[PDB]
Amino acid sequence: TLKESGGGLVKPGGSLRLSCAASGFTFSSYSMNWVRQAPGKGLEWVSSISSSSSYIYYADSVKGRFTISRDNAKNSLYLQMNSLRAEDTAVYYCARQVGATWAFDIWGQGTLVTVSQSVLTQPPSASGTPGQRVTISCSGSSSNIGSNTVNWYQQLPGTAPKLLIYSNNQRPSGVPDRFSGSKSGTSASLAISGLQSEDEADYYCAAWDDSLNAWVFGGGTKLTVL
């Protein structure tokens, strides 16, 4: 259920091609994305292709150099990376988008690509003691959070992200009651009630920016439990 491939070592100005074999769902029905993550840094959205293959969006950082694509027949999504730079070094994940709410419910394991500020304002770290209530607030513009539904994703150390809250406050089929989402115009807050030890993870808030026509991802918040 989403396996990346084609990762390797490349030199600057080089060229590389990723692929993402789907399994268990009707690939052709859902839109697909590529979201990279640097070495120890946050999440950055790369590109998105509709199942229609008709509506493509590239991040202003890879605009022109990268080429998204798919083959709904072979059940695999691809990404042609040309004119590569050292700053393109990351882990690339391919995330299944939902037609309805635009959230990324299924993410792949990742593939590392080695080569030889932000709109969303999120506190870098959060400190909480067992059993307390912890709020992580993410601050966007009138063009993103203001105008579109927010999705929070939890990244557990080592593991790829997992949709925590979507459509501003909806808990998916798994996420416990202690987690609650909300939005107040241009700001969005995730509230963990009854802090547990297991809740030690990285939290990201993400909205679509109609002005940038790209997803904006939060600056992450590392929640440490005491």
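One rule holds for the numbers: they count along the sequence shown, beginning at 1.
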* Please count the deposited residues lying between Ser125 and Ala126 that the model leaves without coordinates, and give the class: none, 1 to 3, 4 to 9, or 10 or more. => none
* Asked: Should the higher mean CA B-factor in the entry be assigned to 185-193 or to 24-32?
  -> 24-32
* Asked: Once you work out the mean C-alpha B-factor for both 71-79 and 92-100 from the entry, which is higher?
  -> 71-79
* Asked: Which of these, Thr135, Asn148, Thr129, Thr111, has its C-alpha atom at the highest B-factor, as the entry lists it?
  -> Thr111
* **Largest Cα B-factor, entry values, listed residues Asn144, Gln117, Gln154, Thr121** => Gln117
* Divide the modelled residues of the chain into thirds by Cα B-factor and specify which third, lowest, middle or highest, holds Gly218. => lowest
* **For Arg171, the third of its chain into which the C-alpha B factor falls** => lowest
* Asked: Is the Cα B-factor recorded for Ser50 in the lowest, middle or highest third of its chain?
  -> highest
* Asked: Within this chain, which third does the Cα B-factor at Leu18 fall in: lowest, middle or highest?
  -> highest
* Within this chain, which third does the Cα B-factor at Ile56 fall in: lowest, middle or highest? -> lowest
